[PDB]
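Asks:
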Ligand SMILES: [Ca+2]
Ligand SMILES: [Cl-]
């Protein structure tokens, strides 16, 4: 039987080279993921998986709080940090199982959504059953003790190798200095026109008046840039602006704040320029970002109760998520939700990720790389299997008992 | 016969999945395009088609004016705006026919001819866009067609510019709320950007006698191409020995018809301090909804002024700097190149030039539609790609054109449905 | 025989279309490369080749100086400048031979290796050090006699690569005769993210003229246009301080290739966020030799100051260095190094090669150059995959002692 | 296979449907021929009911300068089936639309057509403009764009289910009455369509007196009807004000916005304070009163106070629901699907010519039964499977519901050879 197909459908058996046309000298590796997550007091929670992520980021766990909000717990990664040993990567296959081990203890709903985290319209335990219309991309009310298996299915082949966000040789006065070469090919770009002759008007107030000009859903796991410019016009004298950008997490928490304008004084009758020159590095992102908002504070230094403060603005920003549109980098997303699990129980996660990799300079001295086994009918066979996906029942989310049966039905044929 | 081949060569029969290695779960759709364009007073005009555009923009119509300049009429799109229902797209196949359908009351004689050609570059790269000059835009005999009767019509057939192309983000709206009711937020076509680099000045010396109101110059003008969002960055550094000088700088994006599509202030009353590097950064983002017609050039204007100046004293400065124009997803094959031009002349004024076609796509639904639209990997068809490669390699022998006199394309369709 | 395989393994026989799925109407061309390089007084040197470069840049020659440093000699290009006639390109195959052709008044050996990273990533570039840059026995060759020479053969780093924009000039007019405008290689950018400071504390006693520091230095790679964006934010309690900041791009030989002012007499206001944006664009025509590092200099000054006056500030910030089209396979990696030593001073090291391309003509040439999809050859790709997978068994090298490569050619014909 | 021939080429005549609805019947073809006149905008719309089980083929509307459509006339079959038959089933049908003339002053060609088959009924379309129609369906074989009017378009009726029952034709029944204008028919009834509307749920109405009463429209809803329907239900009115009286009328509006039928549902109905005032409807709208397809219904209420004076108050609260039953409305083909043929830029005064054939399975009325033999119909073992095979390969075969006539003609040849 075809190694690649075996690897694709049964990732835990090991890696195999993707039988496409991306002929690069590489090496094959398997990285395990093991976590024992703790259940909060509502007995409900959510694990967000990035099934196709080309690297060490596997997912994020959130617990549902009594007030109905989610709260970030932690990231789910591979056993080792790939960027420390390799510079390029391609995902070959992956599978993870989620089940309670601190065992009749609750149920799981799981779905594979074709967009990115912030694009979900409903993330409730029952709402997720509608995120996709594909019957083989959703699974409902599986007992937590039996568990669910997430299987990564392709979102395109002939994908390029991805830079891993590996550190680069650098020295600096600051011991907290960080330098990396980031995943960049195939950037995702968001364009936000925040104002088109927007008129702001308000009575003076010591300390100024704050407004949130806009708030938009965006997705980011790794480095991103925010560029652009706002132009302000005013008839009033003595106004000064303070502007700040906030990147918010899925749990509503602020993840990043950046000053864009500080005591920026406005001159009457002229175009007042407010540029954006922001770069958010990966190490600063502590949990997935799902929204961005801009705050503007208007103030009049020598003002007094009664003066009117006003200005008009026009402008657009561009948010670039480096490598964001690389299939698997932000989309798709597989959600595994659980409810009614006894508080304090352990939700156990166990999986394998298989990659095609290019070693970093030091490791390259000892790691041989090759083009990889020629297998003439491997791709055709894969295309045949995936086109017959519904007839064969190949799911992205499975009740583990069924996936196990599926594995037998495959090895004994 | 191989459904993909049938869709490729006869787009109006419907869509089919591209038999390459880009295995994504998707859905297949057909969008029609129907337009009844009006002929201006010169009886001449030009339709610019973007045969490989991965989305709803099919082309643009320009009428030729008596003064010899073109004038933008309107964009030609698909029946519905794909970005409103889908987030990702790939072009499978497309064909459009152009022919006259009317004669205003009074004209007894039908008149008019069409010249059409497929140019492997983007709009602003054409060296000649006159009715007869187009015939030389390419050397490939199967990518040009001349003097076809307007009443018979021409058929534009989209031929591949590479397979295994990735899905493209459609410029779909994202969830957002704002104080401004005119606020707009989208996720744009970005993979494979096109980048233009312009060194506007390398120690350029500017010198001129003061003048109330300032002195204006146009530092440079360059041809670039943009249909959707783009950004402009970089910087100009100014040096001066004169005191009291201030600069005003503006960027202009010009359309194919010479008109200004977009203007952006880059510098406003920016004072220049002597014996210091004066910095003028560019931080411009031009969203898609602001581009009303294809952009074919960019130019930079600088206004030098001396507030407390009088007739007689000299104004001057030296500058150095570069800008980078990034067209988001601009180099995605089909996004800007290639271009198919259909020119017509001698058509009775007031007649109707009718456009009708179909576009076929592989699409990924937006979140709301994904709740009701099933997506799949798509029929396995073992020899479809080989057959496609064989047909295209024999393109000249088989006579598969990108532009056809419609009668011939119709004959070609029959000769195809018989042999298969 | 399958044309493509013949072209791939024996580039000097001419071009052939790559049998992948990138179906573009194109034309095929061969560009030769010929150089007679002069050996310096140490008798030692280094030629850096970009085997997969999609265009006219073939390599760079450096001589080793008595003091142990390298010194840039010149670039190695194709006979004609492709961007002047074509706008898009893909590399089909390439091979170059390096051998001594002169005696002034035998001498010397060559070590060569193909490294899977880019120039600045090499950990050791000495004649002997190179032998360990890779672990692949077929990507290194040692102590070949210079008179016999070495042959560098370009092997694929992925197929189904897109066409690359060539950096061709665009129509433009300007007041400055020195004005330059091009459309650059851009798809698949490489991005470096550098966090230069995270509340970095700076402090020093005044000094007429200012105190200079080099905040950081990092290795990066660039051959063609790149851009630098981002921002530094400065805080200070002292009054009257002003900053000057400069970016330097350094070449492989340690020399300064490019310098850009980022801040000039930028005064710092107390108790506020002082913004220092980066808006640099470095055009290809300004890069005279490969860039291997970037550093930032900051000069702090207090105009009206006197001994005892203390100058201090804290800073935070990140920059993003974007190398346009830098991650396109072949544009920066891999690199093939050919080092020679003990060659008589004043000798001629002769370089001779052929580069084969798929090209799309510029507008003017398109009027007379016919383009086509290219020969259908059903099993060409499979055969290529088979050959590359049996690379080790067949002994297909990226660097060869020329005599062996010649025997290999016969054994093939 | 005769059935297939009839289904794909209706003009060749009728054939029995090879399903399981074994009834003794007779087979007939009824032609449709119309010469429609183009209005001053040069634009118009013909609405076809491709699957209608009877003589109603369609309706023609012209587009007016103000942007609204104006009803011209119904398109029927040569003869009125209900006059000779009592039951019916549609076998197959096709119609062509093309211009056949030129108002003097124009000499070559003028006009284009957009056509589409929508799977809903008329009022359910979201956009009926010339260009908007192109999106009514996502099926490429159910739409056709910018066909030259001189060449024409062909509408081909494709099935919306088989094993459909026979439909009563709305035939007259023996009846005598004192009124010469009396009418009695047995209507299409099987498979009614039903709309349920809640017009008010404690709605508060409040207004100042006014001579003649104060009028309001409680609700307005899109519904579809071509033949008889009934409207039943009840409104309940509560009030604290004494002396109030209500007048309530139901309006059935046509596709062109005009009122087609009105029925009083309350006349001078006085409201008693502190009690539930009931207002029951029992409206039966017979087919002959419906002059053009109905696309909406609205409820008008006039509140008055006979002995009131300026400054007097009028208020009440209301609750109510109604059921609109379209007899036989959900019978497949009766209301849905619909095929729209839109034309524009046609010279004013030109003639848009319609020509088609409808094939039916029929059961004669009592008088005709005396002379018309009926039978079960040819046994054709594989006709149904062949039909199912052709329809499943619809996209591969290119079998359209709307065609540029030249292509349909080519399609006919390619079939008569194979
Ligand atoms: Ca491929
Ligand atoms: Cl890219």
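Protein chains in written order, with PDB author numbering: chain D, 11 to 113, 120 to 429; chain A, 11 to 430; chain F, 11 to 115, 120 to 427; chain B, 12 to 429. Beta carbons are placed, not taken as given, at the ideal position from N, Cα and C, and that holds for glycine.
Would residue 94 of chain F be called buried (16 or more neighbouring beta carbons within 10 Å of its own) or exposed?
Replies: exposed
Asks: Measuring only from the beta carbon, is residue 391 of chain A closer than 6 angstroms to any heavy atom that is part of ligand 1?
Replies: no
Asks: Tell me whether residue 431 of chain A is buried or exposed, calling it buried when 16 or more other Cβ atoms sit within 10 Å of its Cβ.
Replies: Absent from the model: residue 431 of chain A. The displayed extent of chain A is 11 to 430, so no value can be given.
Asks: Verify the CB distance criterion: does residue 187 of chain D have a CB-CB separation below 7 angstroms to chain F?
Replies: Residue 187 of chain D counts as touching chain F.
Asks: For the alpha helix (DSSP H) holding residue 429 of chain A, just list the boundary residues, first then last.
Replies: 416 to 429
Asks: Which runs of the beta strand (DSSP E), 3 residues or longer, sit entirely within the segment 141 to 220 of chain A?
Replies: 154 to 159, 164 to 167, 186 to 188, 194 to 198, 204 to 219
Asks: Which residue wins for smallest C-alpha separation from residue 487 of chain B, given the options B/424, B/373, B/370, B/412?
Replies: Here chain B has residues from 12 to 429 only, and residue 487 of chain B is not among them.
Asks: By how many angstroms is the C-alpha of residue 193 of chain B removed from the C-alpha of residue 187 of chain B?
Replies: 8 angstroms
Asks: Residue 230 of chain A to residue 232 of chain F, Cα distance in whole Å?
Replies: About 35 angstroms.
Asks: Please determine whether the Cβ atom of residue 174 of chain F lies at a distance below 6 angstroms from any heavy atom of ligand 1.
Replies: Correct: residue 174 of chain F has its Cβ closer than 6 angstroms to ligand 1.
Asks: By DSSP's criteria, residue 84 of chain B is part of a beta bridge. Which residues make up the other side?
Replies: B/71
Asks: Can you tell which of D/11, D/371, D/27 has the C-alpha that lies nearest to the C-alpha of residue 390 of chain D?
Replies: D/27
Asks: What are the residues in the segment 381 to 405 of chain D lying within 9 angstroms of chain A by C-beta distance?
Replies: 395, 396, 398, 399, 400, 401, 402, 403, 404, 405
Asks: If I measure Cβ to Cβ from residue 282 of chain B and keep anything under 6 angstroms in the same chain, skipping five residues before and after, which residues do I get?
Replies: Once the five neighbours on either side are set aside, the close Cβ partners of residue 282 of chain B are 248, 250, 255, 288.
Asks: Considering only residues of the same chain and omitting the five flanking positions on each side of residue 271 of chain B, which have a CB-CB separation below 7 angstroms?
Replies: Counting only Cβ-Cβ distances below 7 angstroms, and skipping sequence neighbours, we find 263, 264, 265, 301, 302, 303, 305.
Asks: Which whole-angstrom value is the C-beta distance of residue 267 of chain D and residue 72 of chain D, which I expect to be below 8 angstroms?
Replies: 6 angstroms
Asks: Just checking residue 202 of chain A against ligand 3 - is the residue's beta carbon closer than 6 angstroms to any of the ligand's heavy atoms?
Replies: In terms of ligand content, the structure shown lacks ligand 3 and carries ligand 1 and ligand 2 instead.
Asks: Listed from N- to C-terminal order along the chain, which residues in the segment 241 to 269 of chain D have their beta-carbon within a distance smaller than 8 angstroms of any beta-carbon of chain A?
Replies: 243, 244, 245, 247
Asks: For residue 16 of chain B, report the span of its beta strand (DSSP E) as first-last.
Replies: No beta strand (DSSP E) contains residue 16 of chain B, which is instead part of the alpha helix (DSSP H) from 13 to 19.
Asks: Quick one: Cα of residue 357 of chain A to Cα of residue 369 of chain A, how far?
Replies: 27 angstroms
Asks: Could you list the residues in the segment 265 to 295 of chain D with a C-beta less than 7 angstroms from some C-beta on chain F, going in chain order?
Replies: 275, 278, 279, 291, 293, 294, 295
Asks: Taking Cβ positions only, does residue 34 of chain A come closer than 7 angstroms to chain D?
Replies: yes
Asks: Give me whichever residues DSSP pairs with residue 324 of chain B in a beta bridge.
Replies: B/219
Asks: Any heavy atom of ligand 1 closer than 6 angstroms to the beta-carbon of residue 31 of chain A?
Replies: yes
Asks: May I ask you to report which of helix, strand or coil DSSP gives residue 270 of chain A?
Replies: DSSP, read as helix, strand or coil, puts residue 270 of chain A in strand.
Asks: Measure the alpha-carbon distance for residue 227 of chain A versus residue 76 of chain A and round it to whole angstroms.
Replies: 30 angstroms
Asks: Check whether the Cβ of residue 196 of chain A lies closer than 7 angstroms to any Cβ atom in chain D.
Replies: yes
Asks: Residues of chain D with a CB under 8 angstroms from the CB of residue 378 of chain A: which are they?
Replies: 137
Asks: So, are the CB atoms of residue 106 of chain F and residue 125 of chain F less than 7 angstroms apart?
Replies: no
Asks: Count the other C-beta atoms from every protein chain shown that fall within 10 angstroms of the C-beta of residue 83 of chain D, then say buried if there are 16 or more, exposed otherwise.
Replies: That one is buried.
Asks: Count the other C-beta atoms from every protein chain shown that fall within 10 angstroms of the C-beta of residue 44 of chain D, then say buried if there are 16 or more, exposed otherwise.
Replies: Exposed: under 16 other Cβ atoms inside 10 Å.
Asks: Specify the secondary structure class of residue 399 of chain D as computed by DSSP and reduced to three states.
Replies: helix
Asks: Evaluate residue 259 of chain F with the Cβ neighbour count: other Cβ atoms within 10 Å of its Cβ, from every protein chain shown; 16 or more gives buried, anything less gives exposed.
Replies: buried
Asks: At the 7 angstroms Cβ level, is residue 205 of chain D part of the contact set with chain A, yes or no?
Replies: yes
Asks: Based on DSSP bridge pairs, tell me the residues matched to residue 315 of chain B.
Replies: B/256
Asks: What residue range does the beta strand (DSSP E) around residue 366 of chain F cover?
Replies: 362 to 375
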